[PDB]
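Have a look below at one chain only, the form deposited in one PDB entry, in structure tokens format.
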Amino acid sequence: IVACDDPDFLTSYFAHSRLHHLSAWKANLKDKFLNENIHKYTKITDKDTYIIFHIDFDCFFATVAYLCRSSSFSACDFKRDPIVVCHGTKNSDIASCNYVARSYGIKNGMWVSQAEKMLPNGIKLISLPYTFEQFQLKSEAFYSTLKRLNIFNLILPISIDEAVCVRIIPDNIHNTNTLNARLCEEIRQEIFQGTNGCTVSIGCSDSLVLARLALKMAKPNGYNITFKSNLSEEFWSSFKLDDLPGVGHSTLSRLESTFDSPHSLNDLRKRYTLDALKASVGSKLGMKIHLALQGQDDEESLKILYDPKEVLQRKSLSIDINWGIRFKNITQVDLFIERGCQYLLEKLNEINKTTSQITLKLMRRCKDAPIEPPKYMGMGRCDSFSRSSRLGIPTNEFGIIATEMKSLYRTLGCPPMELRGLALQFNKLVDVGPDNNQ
């Protein structure tokens, strides 16, 4: 047990946090792409007609944690048992659940306690531990396989378990559903072999948004090919409103209020107007959804194809610790802030940059919220506060940055015992060149 005032807290928390792993893995994949392409020009031009293959592991952590499970779980059956990956037994996040579990309504992000109640009696939840190194090794085999196939002009990392793969079609060549199905089946088989038993699903289309939707329709362990020319009511009626990229719970609530609770993308596209859309969820998001309901990408989403090097380039650097934060005095808070700045500057030096603007954000216990929340060591119900500061000169100096971060904490006025979370941010990064004379 490592408490937050222990010097090892940051190391231990990040070693156990799957959300930290997800972000660190994604950051590393983007840096790797930039390094491998520093002298290449595989970007998509206006002259290119392309097919998108959106490829994603099915129930990634659950599949891999199963395939690598310890001898204690040897009898576990991936096809018949409801399986989750999680740390705990009660108010612990289900990071991933297999499709047996999902047949009872269990979802990624659910607490174990909530998921257990959806099982009929006699049906036992199997909880597997995280296998983080294995997750990374399987993802390595995934990206290795995608490259080795020599069928994509551009391979964009989305996450540890997901990539957007672009195939350029010469007008020389007549593309067909038959060829696309064969490519999907090749990819699915080669990844199944290369990962020793993991399955991917694939969405294949001529836009990013349709490929994402096709991917959802393909799961589990399948593929779907839906081009703009194949769109139909049957397609749109198959999707929930929050199946649309960019539509989470808050946008969903607004759409349901404005449009009389649509229950499918078909309902929505028959009811909406562009203007009512923009009024409900905002102008840019409204335009994105409007175009999406046409099967079309918006300008912002297309930038990753036209200029992947710019989109994938890191523009900020931060840490967030909103779990296990229980400090008794300002001395201990300040030491934790110093430890966090040390960690961030190590990352900042690895990428050979300085920073010209920093932010501290905190979570503070709501005045009427219990001191110990339902989730062990959780932040609970909180109010958020943030404050930023522009540095005079771009710098990587601990003394300057840590001192200003601690000043920023002081100006937010949160008593140490009320603190439930801290984020430390370098908002603007500046290159370091060969000329540092003045």
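Rigid core here is just the name for the largest C-alpha set that superposes within 1.5 Å across the two forms. Residue numbers run from 1 along the displayed sequence.
Participant: Compare the mean C-alpha B-factor of 228-236 with that of 142-150 as given in the PDB entry, and name the stretch with the higher value.
Facilitator: On average, C-alpha B-factors are higher across 228-236.
Participant: Look up the CA B-factors in the entry and say which stretch, 155-163 or 105-113, has the higher mean.
Facilitator: Per the deposited B-factors, the answer is 105-113.
Participant: From the list 283, 355, 96, 264, select the residue with the highest C-alpha B factor recorded in the entry.
Facilitator: Of the candidates given, the C-alpha B-factor peaks at 283.
Participant: According to the Cα B-factor stored in this entry, which of the following is highest: 204, 252, 119, 200?
Facilitator: Max CA B-factor in the entry, restricted to 204, 252, 119, 200: 119.
Participant: Would the CA B-factor of residue 392 place it in the lowest, middle or highest third of its chain?
Facilitator: For residue 392, the deposited C-alpha B-factor lands in the highest third.
Participant: Considering only modelled residues of the same chain, in which third does the CA B-factor of residue 245 rank: lowest, middle or highest?
Facilitator: According to the entry, residue 245 has a C-alpha B-factor in the chain's highest third.
Participant: Splitting the chain's C-alpha B-factors into thirds, which one does residue 383 fall into?
Facilitator: Tercile = middle for this residue's CA B-factor.
Participant: Place residue 41 in the lowest, middle or highest third of its chain's C-alpha B-factors, as listed in the PDB entry.
Facilitator: Highest third, going by the recorded CA B-factors of the chain.
Participant: Considering only modelled residues of the same chain, in which third does the CA B-factor of residue 349 rank: lowest, middle or highest?
Facilitator: Tercile = middle for this residue's CA B-factor.
Here the subject shifts to the form deposited in another entry, a form of this protein not shown in this document.
Participant: Of 248, 220, 109, 170, only one moves its C-alpha by 2 angstroms or more between the shown form and the other one once the rigid core is aligned, so tell me which.
Facilitator: If I go through the list carefully, the shifting residue is 170.
Participant: Residue 175 and residue 308: do their C-alpha atoms lie closer or farther in the other form than in the form you see, with a change of 3 Å or more?
Facilitator: Farther: residue 175 and residue 308 separate by 3 Å or more in the other form.
Participant: Over in the other structure, so in the other form, do residue 175 and residue 156 pull closer or drift farther apart at the C-alpha level? The difference is 3 angstroms or more.
Facilitator: Here the pair is closer than in the other form; there, farther apart.
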